[PDB]
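Student: The structure follows.
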Amino acid sequence: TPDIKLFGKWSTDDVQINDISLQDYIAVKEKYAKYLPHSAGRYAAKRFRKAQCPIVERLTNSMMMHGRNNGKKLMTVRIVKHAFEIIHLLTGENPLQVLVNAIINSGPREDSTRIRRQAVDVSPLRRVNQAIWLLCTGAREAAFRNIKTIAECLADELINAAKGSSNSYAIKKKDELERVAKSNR
Amino acid sequence: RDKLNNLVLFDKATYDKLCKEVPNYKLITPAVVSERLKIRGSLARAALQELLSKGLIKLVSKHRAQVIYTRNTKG
Amino acid sequence: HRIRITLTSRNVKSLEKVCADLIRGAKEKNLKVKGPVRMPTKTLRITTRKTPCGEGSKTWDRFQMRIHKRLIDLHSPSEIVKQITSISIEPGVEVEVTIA
Amino acid sequence: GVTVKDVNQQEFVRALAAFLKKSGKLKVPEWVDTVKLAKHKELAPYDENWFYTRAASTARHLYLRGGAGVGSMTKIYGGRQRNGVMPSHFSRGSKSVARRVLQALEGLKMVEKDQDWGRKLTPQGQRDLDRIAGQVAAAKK
Amino acid sequence: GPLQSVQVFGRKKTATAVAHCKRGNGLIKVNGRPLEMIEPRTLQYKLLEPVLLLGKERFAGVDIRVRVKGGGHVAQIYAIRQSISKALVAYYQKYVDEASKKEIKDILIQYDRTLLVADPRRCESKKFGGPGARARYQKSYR
Amino acid sequence: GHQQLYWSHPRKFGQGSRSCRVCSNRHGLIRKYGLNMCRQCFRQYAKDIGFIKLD
Amino acid sequence: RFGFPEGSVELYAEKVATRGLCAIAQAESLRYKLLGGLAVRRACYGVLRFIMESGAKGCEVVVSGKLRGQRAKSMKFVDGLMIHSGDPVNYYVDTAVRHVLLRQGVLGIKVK
Amino acid sequence: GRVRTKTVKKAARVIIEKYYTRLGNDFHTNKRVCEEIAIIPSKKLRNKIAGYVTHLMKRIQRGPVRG
Amino acid sequence: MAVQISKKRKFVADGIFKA
Amino acid sequence: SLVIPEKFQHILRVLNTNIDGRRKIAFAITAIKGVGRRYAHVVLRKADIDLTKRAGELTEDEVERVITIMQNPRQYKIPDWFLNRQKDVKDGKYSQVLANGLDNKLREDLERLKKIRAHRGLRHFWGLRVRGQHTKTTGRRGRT
RNA sequence: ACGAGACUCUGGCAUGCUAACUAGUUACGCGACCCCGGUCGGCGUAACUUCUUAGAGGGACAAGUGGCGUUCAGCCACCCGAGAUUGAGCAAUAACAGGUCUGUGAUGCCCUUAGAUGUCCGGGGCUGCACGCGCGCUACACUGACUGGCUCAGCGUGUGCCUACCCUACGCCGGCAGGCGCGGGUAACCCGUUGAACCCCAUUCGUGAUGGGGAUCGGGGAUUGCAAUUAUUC
């Protein structure tokens with residue numbers, strides 16, 4: 014359909030990139046809107062080709078990690094299905110809005126660096148690269164040696180990051196990365 | 040660390056706390072049940088299609104890893 | 018009367034020549050001559066250690082010996098082609114002429 | 003009108019297994035209960051009558067590709083030979099267990115041989131296979 | 005009458021996936037089994053990309069017997085993601101007016117350039133001194 | 002007694018059973034394409050065999 | 076040796092056309108002038124001049140062994156122009172590597 | 002990392018001082034002239050030269066050239 | 001030939017014979 | 002059926018070991034020393050036993066047929082290659098050895114070598130590996 | 001001026017060329033079978049060279065443009081474009097007391113040369129094992145293991161002067177590794193359309209060192225060998 018390209022069954026519109034700092038650096042809508050995460054790639058040839066990539070694909074790329082699960086996007090495109098299947102049946106919201114909510118309220122606003136190390140602000144693209152990596156390790160730290168599956172641990176990172184709950188790994192990092200930086204600024 | 044002891048099959052009251060109150064939950068998944076009602080996880084995979092054969096819950100998308108159901112409709 | 022002139026060369030300048038010069042000249046004699054059939058390369062790969070002893074670093078050779086094969090389809094008795102062939106012979110190509 | 007191939011290939015073996023539970027005329031060999039299916043496998047097949055499932059599979063490995071010999075039916079059912087501590091390699095199936103399906107589906111007129119050796123699913127067999135696909139490809143409407 | 009035959013290929017990796025066209029009906033098939041049940045079904049919509057964005061009136065009278073060999077699983081999907089798209093686009097060059105082909109190309113330039121233009125990427129040659137092309141073995145210092 | 006006990010190895014398998022064509026040394030024989038050459042001599046004289054490092 | 080019939084094999088010889096260019100045809104020149112027993116400082120500069128007589132682009136004559144004393148010496152005699160790298164190392168420069176057996180040791184003759 | 006070499010720059014400067022006539026602004030016009038006014042055993046070395054020529058043919062129209 | 005030496009073996013046999 | 006029934010046996014002693022009866026009934030026999038998974042798939046195959054329903058619902062007359070096929074495998078449709086003692090040095094008897102016997106039959110295979118002072122025997126007495134392992138690298142926290 | 005680059009070879013391509021029963025593809029003719037019309041690596045050819053193969057030129061040069069910067073070299077972001085940093089070889093002067101005399105009928109000078117340090121033939125060793133290093137494999141699982149099922153690869157090798165030992169389809173006996181017949185193939189022809197693995201599909205196991213993990217060890221069962229115990233390998 015050329016009217017609106019629904020992510021399988023999920024809403025392309027009613028998706029608001031609410032953070033005006035990360036307004037340009039989350040692609041979700043109308044041109045970069047795809048049925049799945051999975052594309053050809055070519056977001057790793059030049060520097061600022063990475064930000065044009067859809068966040069649903071960036072999340073899929075950021076799960077297939079820890080050696081055993083590298084080169085298994087067939088496996089984790091399917092995780093992003095089962096993760097999205099949950100979110101509208103627990104919270105009752107648009108999961109792609111919940112993902113944008115999961116990245117906005119996770120990406121740490123500053124970070125300490127050595128020039135006692137010195138605090139400076141991050142890039143917005145740094146927060147995209149960080150937050151997408153942060154909550155995946157929270158969905159890994161939870162899911163490892165655990166009764167719960169990936170997608171529920173995945174959902175318990177996206178939903179808890181969507182709300183501002185302090186119920187997730189990624190929220191306590193954003194809390195403490197900004198707290199480490201708060202001291203030595 | 041903290042070892043947990045689960046059960047193979049239902050207690051009479053626990054099925055009255057399953058069959059009444061799991062259709063009052065929204066995520067009806069075999070990982071939800073064996074954390075909440077604390078059973079041998081293999082069981083909760085089998086109990087949910089008997090409830091589909093009973094006709095309470097809705098098979099959204101079944102998979103090897105995770106089977107996702109929800110509570111009763113509105114109409 | 019399908020003559021099947023096998024043209025296997027180590028070199029390209031002779032594989033081009035021997036195949037072409039047995040057609041380019043065989044156009045003037047007006048016999049129903051076909052173009053040269055191709056066969057894929059066989060890269061005889063022997064990868065040896067550069068060092069006679071086992072000391073220094075492990076710099077490997079990659080000795081590549083490509084070999085190619087052509088053959089030309091014909092409607093001709095044997096003697097007609099034999100008049101053309103043995104004139105102007107060069108070292109590169111192994112000309113194995115099939116009668117059948 | 004259709005072939006078998008315009009249907010889901012997974013549940014199609016449950017269509018030809020629904021022909022072999024119908025049948026009970028197969029004259030099965032004498033080793034089924036305790037046997038191992040390949041040199042890589044560690045357990046016995048989880049099915050009570052796995053011979054009816056592979057007979058439901060082997061016939062739809064004949065119509066897809068015709069001229070399947072026994073040493074090709076060793077190849078088709080192969081996995082990782084997980085050799086504990088050493089790196090895992092490829093394994094063939096077993097020379098006899100797959101043969102005892104190709105020697106089994108000769109009595110029930112489904113297979114046939116030609117020149118260049120090997121089984122092929124007979125012209126009678128293609129007619130026997132297409133109309134169990136319609137039985138399964140009906141219910142998805 | 006006059007024939008409308010088109011033979012077009014598409015490449016992602018070492019997959020060499022060729023489509024054959026004519027006049028016909030709304031049917032696209034790849035080695036017998038059509039676009040609907042080509043597993044893996046996780047990548048279901050990837051072959052619906054040159055169909056859902058266009059519709060069955062673009063495939064009103066185009067019968068696409070796709071032959072595929074070589075490559076992998078995703079490499080074969082992204083070969084026929086591309087091949088059946090170019091099989092449609094090349095068909096509108098010679099059997100209709102030129103502006104029919106131009107309009108429907110821009111639908112699949114604006115979406116994803118993969119659908120028409122192949123990726124030059126191939127598996128890099130492994131080098132001696134490591135287990136991959138751009139990788140070395142752990143050398144022992146101290 | 003000496004003569005029968007002079008060639009009493011079964012000389013049909015092993016790197017000792019075979020021998021080099023250049024040097025008569027029993028290590029590093031190129032047994033691919035039947036070169037049957039001590040790898041040190043192959044390296045030197047492969048230039049006039051046809052094996053050349055084009056890549 | 077190689078198991079050939081009789082009548083096929085027939086062996087001819089000529090002078091090499093400008094025979095000063097082929098390296099192993101002038102490695103023989105430094106073989107039987109040093110095995111003859113002239114000092115390396117004269118028998119090379121004659122044959123180095125012999126290719127500037129023959130109009131060579133350049134030279135790289137490296138004579139390496141026990142030249143006066145027990146410690147190894149290697150004299151390099153270079154003038155004109157010599158390329159070393161790329162594909163044109165094949166179809167310009169010519170490899171000669173020869174071993175002369177003097178009573179003291181073996182000197183490597185590199186006529187290039 | 003595309004800095005012109007001395008068999009490309011000088012080779013271009015030898016052409017332009019001799020052949021101001023045959024050359025022009027467009028590359029494909031004076032790409033093919035280098036087949037006539039240079040005997041080069043290299044397709045790659047030709048485009049390197051003929052490309053730099055045009056960059057200097059845009060500098061006789063805006064000022065003088067150094068060499 | 002009765003032994004019928006291969007065309008991989010031919011240029012190797014051609015090669016060593018010269019060398 | 003669906004609920005925890007009556008006559009539920011938490012603990013059995015199927016051949017003199019405290020066994021957990023919550024496991025799959027094929028995989029419940031892993032606890033007994035000499036039978037793991039492979040022998041226990043097949044002993045509960047010879048008898049008409051559906052093994053999806055667990056050992057919270059099994060009979061104490063079920064174990065009459067069980068142990069006869071465990072103690073005497075040969076008579077009850079179990080092959081020869083599938084046995085652990087084959088062409089036996091001692092008795093020339095074919096059987097699958099159970100927990101009481103497995104600690105014995107290996108121990109008698111030691112005095113098979115220990116009495117004769119065999120190279121294969123002496124390496125068992127000391128604490129080495131006998132089937133051609135290398136000990137230059139191995140046995141760090143194993144040997145003192 | 002040499003080295004660098006250029007160079008040669010490759011990676012990507014050209015619906016333009018060049019060609020072809022060892023590569024195919026479409027067409028029709030005919031059969032397998034379908035409910036007017038398809039599916040089939042099954043038969044034959046009638047055209048063509050898209051795929052496939054390798055011949056030949058062609059193509060990209062920072063060329064078009066917006067900036068940058070003394071407006072010089074050049075860099076950058078686009079643009080249209082199969083490719084806008086694909087790789088690897090080859091490799092300067094000058095040397096090191098780097099490594100091999102156990103690769104050479106490359107070798108000086110020595111040490112041995114019937115009490116052999118030559119050589120030939122058995123048996124052992126090369127693996128030995130309180131230990132400390134290095135390179136790697138397989139793992140600690142629920143993204144997994146298991147059991148069925150589904151489905152696509154690309155480098156490649158293969159009958160030997162000495163020389164014997166090849167690749168293996170297909171058919172018989174057997175659960176297994178394996179044993180036995182008729183054929184092909186010196187190979188785009190035969191194995192092979194390399195039905196590769198992973199993941200994908202669906203069962204099953206349940207936070208416990210378990211069905212994770214596969215070490216150590218016992219008894220058989222064959223092959224390889226002239227013979228394997230200090231288990232060859234399965």
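Note that the protein sequences, when read in sequence, are chains D, U, B, E, F, R, S, X, C and V. Just so you know, the first sequence maps onto residues 14 to 128, 135 to 204 in full-length UniProt numbering. No gaps in the numbering here: position 20 of the second sequence is 59 in full-length UniProt numbering, and each next residue is one more. No gaps in the numbering here: position 34 of the third sequence is 51 in full-length UniProt numbering, and each next residue is one more. No gaps in the numbering here: position 120 of the fourth sequence is 122 in full-length UniProt numbering, and each next residue is one more. No gaps in the numbering here: position 54 of the fifth sequence is 58 in full-length UniProt numbering, and each next residue is one more. No gaps in the numbering here: position 37 of the sixth sequence is 38 in full-length UniProt numbering, and each next residue is one more. No gaps in the numbering here: position 65 of the seventh sequence is 140 in full-length UniProt numbering, and each next residue is one more. No gaps in the numbering here: position 5 of the eighth sequence is 6 in full-length UniProt numbering, and each next residue is one more. No gaps in the numbering here: position 14 of the ninth sequence is 14 in full-length UniProt numbering, and each next residue is one more. No gaps in the numbering here: position 103 of the tenth sequence is 104 in full-length UniProt numbering, and each next residue is one more. For every residue, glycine included, the Cβ atom is placed at its ideal position computed from N, Cα and C.
1. Determine the extent of the alpha helix (DSSP H) in which B/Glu113 is found, giving its start and end residues.
2. For D/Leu35, which residues from the same chain have a beta carbon less than 8 Å from its beta carbon, with the 5 sequence-adjacent residues on both sides left out?
3. Is F/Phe63 close to chain B, meaning its C-beta is less than 9 Å from at least one C-beta of that chain?
4. When you compare the CB positions of E/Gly95 and E/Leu39, do they come within less than 9 Å of one another, or not?
5. Taking the alpha-carbon positions, what's the V/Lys91 to V/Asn105 distance?
6. Using a cut-off of 8 Å between C-beta atoms, extract the partners of D/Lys167 located in chain U.
7. Just list the alpha helix (DSSP H) runs in the segment 69-100 of chain U, keeping only unbroken ones of 4 residues or longer that don't cross its boundaries, in chain order.
8. Would you grab the beta carbon distance between F/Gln80 and F/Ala21 for me? Rounded to a whole angstrom, and I think it's under 8 Å.
9. Cβ of V/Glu61 within 9 Å of Cβ of V/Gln10?
10. Does U/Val106 have its Cβ less than 9 Å from a Cβ in chain V?
11. Could you tell me whether any Cβ in chain D is nearer than 9 Å to the Cβ of F/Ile68?
12. Taking 9 Å as the threshold (C-beta atoms), are S/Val175 and S/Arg117 in contact?
13. When the Cα atoms are used, what is the spatial distance from R/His10 to E/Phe92?
14. Reducing DSSP to helix, strand and coil, say where D/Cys155 ends up.
15. Going straight from the alpha carbon of V/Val4 to that of U/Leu87, what length do you get?
16. In the structure shown, what three-state DSSP assignment does R/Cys39 receive?
17. Taking only the alpha-carbon atoms, compute the straight-line gap between U/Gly94 and U/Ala83 and give it to the nearest angstrom.
18. Count the other CB atoms, across all protein chains shown, that sit within 10 Å of the CB of S/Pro163; report buried if there are 16 or more and exposed otherwise.
19. Can you tell which of V/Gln97, V/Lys25, V/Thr138 and V/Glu112 has the C-alpha that lies nearest to the C-alpha of residue 1 of chain V?
20. So, V/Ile68 versus V/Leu114, is the Cβ gap smaller than 9 Å?
21. Quick one: give me the first and last residue of the alpha helix (DSSP H) that S/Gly95 is part of.
22. Does F/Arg37 come within less than 9 Å of chain E when only Cβ atoms are used?
23. How is D/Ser187 classed by DSSP in three states: helix, strand or coil?
24. Determine the contact status of U/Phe49 and U/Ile96, defining contact as a CB-CB distance below 9 Å.
25. Run through DSSP, which three-state label would B/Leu24 get?
26. Please report the distance separating the alpha-carbon of V/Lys54 from that of E/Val34.
27. Provide the residue span of the beta strand (DSSP E) that contains B/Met56, from first to last.
28. State buried or exposed for D/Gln149, treating a residue as buried only when at least 16 other CB atoms are found within 10 Å of its CB.
29. According to DSSP, which residues form a beta bridge with D/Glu123?
30. Which value, in whole angstroms, describes the spacing of the CA atoms of E/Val138 and E/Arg16?
31. Between the segment 43-54 of chain D and the segment 43-61 of chain F, are three or more C-beta pairs nearer than 8 Å?
32. How would you call E/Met88, buried or exposed, if buried means at least 16 neighbouring beta carbons within 10 angstroms?
33. According to DSSP, simplified to helix, strand and coil, what is V/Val64?
34. If you measure between the beta carbons of F/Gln86 and F/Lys16, is that distance less than 9 Å?
35. Taking the C-alpha atoms as reference points, what is the distance between F/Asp101 and U/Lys65?
36. Quick one: which unbroken beta strand (DSSP E) runs of 3-plus residues sit fully inside the segment 53-94 of chain F? Chain order, please.
Tutor: In this structure, then:
1. Where B/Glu113 is concerned, there is no enclosing alpha helix (DSSP H), although the beta strand (DSSP E) it sits in stretches over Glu111 to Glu113.
2. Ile116, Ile117, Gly120, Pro143, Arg146 and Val147
3. no
4. yes
5. 13 Å
6. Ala70 and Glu74
7. 69-75 and 81-93
8. 6 Å
9. yes
10. no
11. no
12. no
13. 37 Å
14. helix
15. 15 Å
16. strand
17. 17 Å
18. exposed
19. Chain V is shown only over 2 to 145; residue 1 of chain V falls outside these bounds and no answer can be derived.
20. no
21. Element bounds for S/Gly95: n/a, residue is neither H nor E.
22. yes
23. coil
24. no
25. strand
26. 23 Å
27. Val50 to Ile63
28. buried
29. D/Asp140
30. 9 Å
31. yes
32. exposed
33. helix
34. yes
35. 56 Å
36. 66-73
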